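For any residue, its number in the authors' numbering is found by taking its place in the sequence shown, counting from 1, and adding 15.
By construction, the Cβ of each residue, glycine as well, lies at the ideal position given by its N, Cα and C atoms.
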Amino acid sequence: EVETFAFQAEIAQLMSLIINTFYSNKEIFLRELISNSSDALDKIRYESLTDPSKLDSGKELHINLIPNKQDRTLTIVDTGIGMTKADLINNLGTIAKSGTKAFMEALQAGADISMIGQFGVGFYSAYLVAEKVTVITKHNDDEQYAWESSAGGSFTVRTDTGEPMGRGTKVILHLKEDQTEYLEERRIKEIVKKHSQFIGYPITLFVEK
Ligand SMILES: O=C(NCc1ccc(F)cc1)c1ccc[nH]1
Numbered sequence: 016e017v018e019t020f021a022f023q024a025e026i027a028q029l030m031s032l033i034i035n036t037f038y039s040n041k042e043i044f045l046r047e048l049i050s051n052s053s054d055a056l057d058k059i060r061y062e063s064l065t066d067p068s069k070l071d072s073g074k075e076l077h078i079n080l081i082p083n084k085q086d087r088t089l090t091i092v093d094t095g096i097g098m099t100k101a102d103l104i105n106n107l108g109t110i111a112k113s114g115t116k117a118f119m120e121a122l123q124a125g126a127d128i129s130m131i132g133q134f135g136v137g138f139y140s141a142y143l144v145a146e147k148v149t150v151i152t153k154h155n156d157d158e159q160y161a162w163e164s165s166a167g168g169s170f171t172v173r174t175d176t177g178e179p180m181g182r183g184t185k186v187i188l189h190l191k192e193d194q195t196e197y198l199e200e201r202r203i204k205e206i207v208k209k210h211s212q213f214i215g216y217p218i219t220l221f222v223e224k
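Here it is, written out as structure tokens:
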């Protein structure tokens, strides 16, 4: 049972701008997603300070980067707080309507795409490199869900029968044909060291057979 939803108009507009603007500095997508992961880990860590049982679903607080050249996917896994179904539908837990409004004024007032994270919509920079994005998520207060979108104005939500996650979020980037450099180990390492060197959680770059 798959539910299909239209993006709000302002979010569709943001995604088409990200997809269609000529803009070479695509590597910032990884910085934005890792920072989202760090924010989600901060949240569950804060909750556990007063309620240890919040970590019954998983004590480890980390970020894994998993390239797969056969599937042409880069997956960013974190064990942060996760998202409820309502969170997924409501722009993946963001205030994306007012954030997009601000971002797009900033772009006409000098800024560039790399500044997207300052407006709370950094997730959508995934479409700089991905033709389709799948988000699997598990929050302590809900079941496990899969969100998916290839842009084009709609996204789907379904219950995820896949491998159970415990708690956290998995962003699966189905990369564009000409963006496979972001599956290469030395390129990922360079980007992490350049842009995420002060993230307060271990980031493990998985290797391939
Ligand atoms: O660059 C501009 N729009 C294109 C754009 C592309 C991606 C993005 F995430 C945000 C905007 C702009 C608008 C106003 C001044 N500059």
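The beta carbons of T171 and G97 sit no closer together than 7 angstroms. Nearest to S140 by C-alpha distance, out of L70, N155, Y38, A24, is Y38. A distance below 8 angstroms between beta-carbons, with the five flanking residues on each side excluded, links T219 to the following residues of its chain, in chain order: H77, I78, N79, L80.
A direct Cα-Cα distance of roughly 27 angstroms separates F221 from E158.
In the DSSP assignment, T219 is bridged to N79. Assigned with DSSP and collapsed to three states, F138 falls in helix. Separation of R182 and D127 (C-alpha to C-alpha, rounded to the nearest whole angstrom) is 34 angstroms.
Less than 7 angstroms divides the Cβ of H189 from the Cβ of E146. Counted as a single uninterrupted DSSP element, the alpha helix (DSSP H) harbouring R60 occupies residues 43-65. 7 angstroms or more divides the Cβ of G137 from the Cβ of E16. Annotation for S39: no alpha helix (DSSP H) segment contains it, and DSSP assigns it neither H nor E. Counting only the Cα atoms, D175 lies some 37 angstroms from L122.
When the beta-carbon positions are compared, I110 and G135 come within less than 7 angstroms of each other. Taking C-beta atoms under 8 angstroms as the contact rule, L107 and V150 qualify, at a distance of about 7 angstroms. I34 sits in a helix when the DSSP states are folded into three classes. DSSP places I203 in the uninterrupted alpha helix (DSSP H) bounded by 200-210.
Classified as exposed, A124 has fewer than 16 neighbouring CB atoms from the shown chains inside 10 Å of its CB. Shown here for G168: same chain residues with a beta carbon closer than 7 angstroms to its own, the five before and five after excluded, namely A21, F22, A27 in chain order. With a contact defined as Cβ atoms closer than 8 angstroms, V207 and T90 miss out at about 15 angstroms. Rounded to the nearest angstrom, the Cβ distance from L56 to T94 is 7 angstroms, consistent with a contact under 8 angstroms.
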